[PDB]
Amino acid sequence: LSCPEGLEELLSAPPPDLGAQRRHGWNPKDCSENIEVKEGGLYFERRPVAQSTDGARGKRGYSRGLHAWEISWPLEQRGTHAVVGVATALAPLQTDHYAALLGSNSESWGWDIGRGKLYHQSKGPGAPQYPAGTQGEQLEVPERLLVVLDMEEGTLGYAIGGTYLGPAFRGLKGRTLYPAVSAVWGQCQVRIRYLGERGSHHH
């Protein structure tokens, strides 16, 4: 019942086709040097570079409306810091140590899918659990999760297993935000599947 207006309808619609998936997928021209974007955007692979955290942005920045996408991140390919969220065009996408790079600054917001913590302007210590509460605490992030960006309310939230888990972050209005992840695992293959948009004020 905390879902963005329009999300249920957006998710029930026929999914965007492979062309749309590529168009809204990872950007080969906007990722870490240590990442390769494959299949025209459908997934990326992080090369096995030591002492590096590496990010990617989607090709398309969202300034309005409701957008959603599915991230597929194999359970065995997460390593010590696997973070899923969004970033402005200004967020850094590489650093020379293993860390929750996405969410470590003012330009990025991330959920640590290993630890369950939220990062925005955070170096890690003290970061809050999401979703809050006992159900939320025991939640495991399976291979697939949905990322939901509501630019009318200015929220980012997530869904697993058919259930929206609530807004994770507020304070996103008046930005242009891109799908983003940060990864540390050699040879991880992280997929993005765009699920579409509802551009109108109430979606």
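For every residue, the number given is its place in the sequence shown, counted from 1.
- Higher mean CA temperature factor between 98 to 106 and 119 to 127: 119 to 127, per the PDB entry.
- Averaged over CA atoms, B-factors in the entry run higher in 129 to 137 than in the other of 88 to 96 and 129 to 137.
- Within the selection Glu143, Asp54, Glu45, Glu153, the deposited Cα B-factor values reach their highest point at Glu153.
- Of the residues listed, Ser12, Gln189, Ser182, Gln21, the entry assigns the biggest Cα temperature factor to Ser12.
- When the modelled residues of the chain are ordered by their C-alpha B factor, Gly171 lands in the highest third.
- In the PDB entry, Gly162 places in the highest third of its chain by CA B-factor.
- In this PDB entry, the Cα temperature factor of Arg64 sits in the top third of its chain's modelled residues, the highest group.
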